[PDB]
Amino acid sequence: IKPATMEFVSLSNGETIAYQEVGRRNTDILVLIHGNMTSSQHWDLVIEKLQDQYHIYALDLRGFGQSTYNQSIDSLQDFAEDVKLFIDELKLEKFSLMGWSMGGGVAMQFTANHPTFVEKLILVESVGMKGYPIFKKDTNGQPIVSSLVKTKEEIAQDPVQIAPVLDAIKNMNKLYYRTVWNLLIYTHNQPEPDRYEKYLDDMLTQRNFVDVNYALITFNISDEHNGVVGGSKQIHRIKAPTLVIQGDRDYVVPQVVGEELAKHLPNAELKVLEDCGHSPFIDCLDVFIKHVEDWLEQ
């Protein structure tokens with residue numbers, strides 16, 4: 001159940017990033033960015049399928065996995081800046097980039113800011129271009145859909161979406177996470193039990209949950225205000241050929257999100273995967289890998 005063996009690189013901003021590096025004798029480079037509640041360990045299934053052909057770097061973002069969290073992040077751009085410092089330290093010059101969920105937001109922000117480094121971009125159930133809002137909760141724990149959270153302090157007070165996660169991390173409560181993931185993600189298929197245990201251990205490594213939720217409510221690369229923050233207009237700067245992967249039963253990132261990304265990205269193709277939720281890796285790995293391989297080989 002142990003995590004993969006990790007490499008470590010110290011960055012000029014005082015963080016030390018943990019990463020997996022596999023397929024080191026291969027030519028084409030692929031960089032993988034995980035999402036919320038996960039680290040690079042959640043890329044295991046993709047890594048196993050692609051490491052025979054690609055030189056893969058899968059990093060733990062600051063405050064996840066085995067990376068440090070010496071300074072707090074305020075935005076997904078903070079993660080993208082870490083990725084830039086990371087690729088500078090390792091002297092990577094061109095690579096393809098794939099991000100899952102919140103990691104799709106980081107990947108988009110990175111690609112907008114560092115166009116000369118990104119050959120191809122793949123977004124997997126990515127957060128949308130106007131971020132991921134949090135609503136106040138009623139006495140039944142249901143969202144009050146005209147009561148929008150706007151500050152980090154409000155996020156820290158949420159007793160349904162936020163407080164129980166912080167408590168589960170403090171108390172190392174894997175059962176809480178198993179219940180949540182079975183309800184929202186692993187609704188039709190689950191990881192094999194040993195892999196699921198590794199994933200649950202991975203969730204407990206997160207040290208920045210509130211900060212990441214704040215970065216998600218304030219993420220906005222569109223041309224329009226999202227109700228919390230104005231848009232940076234940067235989605236128009238993503239000229240890399242982009243594949244938008246979206247599941248037809250993703251209960252975390254609904255289908256309209258991927259359709260909107262493909263619409264607004266300048267150079268994007270949308271693939272909606274049948275019988276697929278937030279984890280294509282568990283719901284349809286073979287089909288997902290074929291789409292990725294075809295995109296990378298184009």
Side-chain angles (χ1 to χ4, degrees), residues 1-9 17-35 38-61 64-67 83 86-101 103-104 106-107 110-111 117-126 185-186 189-199 201-202 240-247 269 271 273-298:
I1 48 72
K2 304 302 181 122
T5 59
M6 308 295 282
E7 304 292 332
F8 297 86
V9 62
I17 297 300
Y19 62 106
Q20 295 176 65
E21 185 193 351
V22 301
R24 309 184 182 193
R25 318 307 189 188
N26 292 317
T27 297
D28 292 336
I29 300 171
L30 172 65
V31 172
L32 304 176
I33 307 181
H34 65 80
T38 63
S39 78
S40 71
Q41 303 304 319
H42 270 73
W43 284 114
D44 59 348
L45 285 164
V46 169
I47 284 162
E48 283 162 22
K49 286 275 180 299
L50 295 180
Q51 68 190 352
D52 66 330
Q53 274 299 9
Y54 296 92
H55 186 179
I56 302 172
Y57 297 80
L59 87 171
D60 292 350
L61 293 176
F64 294 93
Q66 297 178 42
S67 298
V83 175
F86 174 93
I87 66 105
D88 291 348
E89 285 295 335
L90 296 187
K91 302 304 290 202
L92 306 189
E93 310 207 339
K94 292 283 208 155
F95 48 87
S96 293
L97 181 58
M98 180 156 64
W100 179 34
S101 206
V106 176
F110 180 91
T111 302
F117 287 89
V118 179
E119 312 184 61
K120 313 251 184 51
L121 177 62
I122 303 181
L123 303 174
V124 185
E125 320 305 304
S126 173
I185 298 184
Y186 300 139
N189 297 286
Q190 277 182 35
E192 317 105 271
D194 291 339
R195 191 181 317 275
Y196 205 172
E197 192 79 3
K198 184 182 68 182
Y199 286 174
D201 288 339
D202 199 32
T242 303
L243 175 63
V244 181
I245 293 296
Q246 171 72 57
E269 310 203 10
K271 292 313 198 344
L273 301 185
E274 189 181 23
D275 202 15
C276 185
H278 196 56
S279 173
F281 325 124
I282 292 300
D283 277 328
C284 49
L285 183 63
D286 294 331
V287 166
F288 170 81
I289 289 295
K290 175 170 271 283
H291 288 315
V292 169
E293 288 176 340
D294 291 350
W295 199 252
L296 296 186
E297 296 167 359
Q298 276 190 241

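Along the sequence shown, residues are numbered consecutively beginning with 1. Side chains are part of it too, since the values below use all heavy atoms of this structure and drop only hydrogens, waters and symmetry mates.
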Candidate pair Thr5 and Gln20, rule side chain to side chain contact (heavy atoms under 4.5 Å, CB included), full reasoning: CA-CA 7 Å; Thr5 59; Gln20 295 176 65; over 6 Å; no

Can you tell me if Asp28 and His55 form a side-chain donor-acceptor pair at under 3.5 Å? no

Verify the neighbour count for atom CG of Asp52: are there more than 12 heavy atoms of other residues, nucleotides or ligands below 6.0 Å? yes

Shortest non-hydrogen separation from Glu89 to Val9 and the atoms involved: CB-CG2, 3.7 Å

Would you find more than 12 non-hydrogen atoms of other residues, nucleotides or ligands less than 6.0 Å from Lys94 atom NZ? yes

Any side-chain heavy atom of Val118 sitting closer than 4.5 Å to one from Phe110? yes

Quick one: does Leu45's side chain get under 4.5 Å of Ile282's, heavy atoms only? yes

Are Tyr57 and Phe95 close enough that their ring centers fall under 6.0 Å? no

Establish, from distance only, whether the side-chain atoms of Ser101 and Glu125 form a donor-acceptor pair under 3.5 Å. no

salt_bridge(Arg195, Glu48) N-O dist < 4.0 Å: yes

Just wondering, are more than 12 heavy atoms of other shown residues or ligands nearer than 6.0 Å to CD in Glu274? no

Please name the pair of heavy atoms, one in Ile47 and one in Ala58, separated by the smallest distance, quoted to 0.1 Å. CD1-CB, 4.0 Å

Do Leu92 and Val31 come close enough that some side-chain heavy atom pair is under 4.5 Å? yes

Just so I know, are the side chains of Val292 and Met98 near enough to count as touching, which here means a heavy-atom distance under 4.5 Å? yes

Run the side chain to side chain contact (heavy atoms under 4.5 Å, CB included) test on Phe117 and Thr111 for me, step by step, so that the C-alpha distance in whole Å, both residues' side-chain angles and the decisive distance to 0.1 Å come before the verdict. CA-CA 8 Å; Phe117 287 89; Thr111 302; over 6 Å; no

When you measure from the side chain of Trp100 to the backbone N and O of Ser279, does any donor-acceptor pair fall under 3.5 Å? no

Has the side chain of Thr38 got a donor or acceptor atom that lies under 3.5 Å from a matching backbone atom of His34? no

CD1-CG distance between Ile1 and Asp202, expressed to the nearest 0.5 angstrom: 11.5 Å

Is there a donor-acceptor contact under 3.5 Å from the side chain of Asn26 to the main chain of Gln51? yes

To check you understand the geometry: which heavy-atom pair defines the closest contact between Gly35 and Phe64, and what is its length? O-CE2, 3.9 Å

Find out whether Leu285 and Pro280 are in side-chain contact, i.e. whether some heavy atom of one side chain is under 4.5 Å from a heavy atom of the other. no

Working note: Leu50 + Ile56, criterion side chain to side chain contact (heavy atoms under 4.5 Å, CB included); need CA distance, chi angles, decisive distance, verdict. CA-CA 8 Å; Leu50 295 180; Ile56 302 172; 3.8 Å; yes

Test item: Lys120 side-chain N/O and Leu296 main-chain N/O as donor-acceptor pair under 3.5 Å: yes

Flag the pair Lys198 and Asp44 as a salt bridge only when some basic side-chain nitrogen lies within less than 4.0 angstrom of an acidic carboxylate oxygen. yes

One should read off an interatomic distance between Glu21 CD and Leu59 CG, to the nearest 0.5 angstrom, of 12.5 Å

Looking at side-chain heavy atoms only, is the closest gap between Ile122 and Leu97 below 4.5 Å? no

Show your working on side chain to side chain contact (heavy atoms under 4.5 Å, CB included) between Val83 and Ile17 and close with a plain yes or no. CA-CA 9 Å; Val83 175; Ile17 297 300; over 6 Å; no

About how many Å separate CG of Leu243 and CD of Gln298, when rounded to the nearest 0.5 Å? 8.5 Å

Nearest heavy atoms of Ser40 and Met6, plus distance in Å: OG-CE, 3.5 Å

Going from OH on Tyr19 to CG on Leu32, what distance comes out if it is rounded to the nearest 0.5 angstrom? 14.0 Å

Angle class for the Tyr186/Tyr199 ring planes (parallel below 30°, perpendicular above 60°, tilted otherwise)? parallel

Measure the CH2-CG distance between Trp295 and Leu121 for me, rounded to the nearest 0.5 Å. 9.5 Å

Can you measure from SG (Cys284) to CG (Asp275) and round to the nearest 0.5 angstrom? 7.5 Å

Please confirm whether the backbone N or O of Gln66 pairs with a side-chain atom of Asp60, one donor and one acceptor, at under 3.5 Å? yes

Measure from the side-chain N and O atoms of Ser126 to the backbone N and O of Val124, and report whether any donor-acceptor pair falls under 3.5 Å. no

Using a 6.0 Å cut-off, check whether atom CD of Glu192 has over 12 heavy atoms from anything other than its own residue. yes

Contact between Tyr54 and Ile29 at the side-chain level, heavy atoms closer than 4.5 Å - yes or no? no

Determine, for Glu7 against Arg24, whether the closest basic-nitrogen to carboxylate-oxygen distance falls under 4.0 angstrom. yes

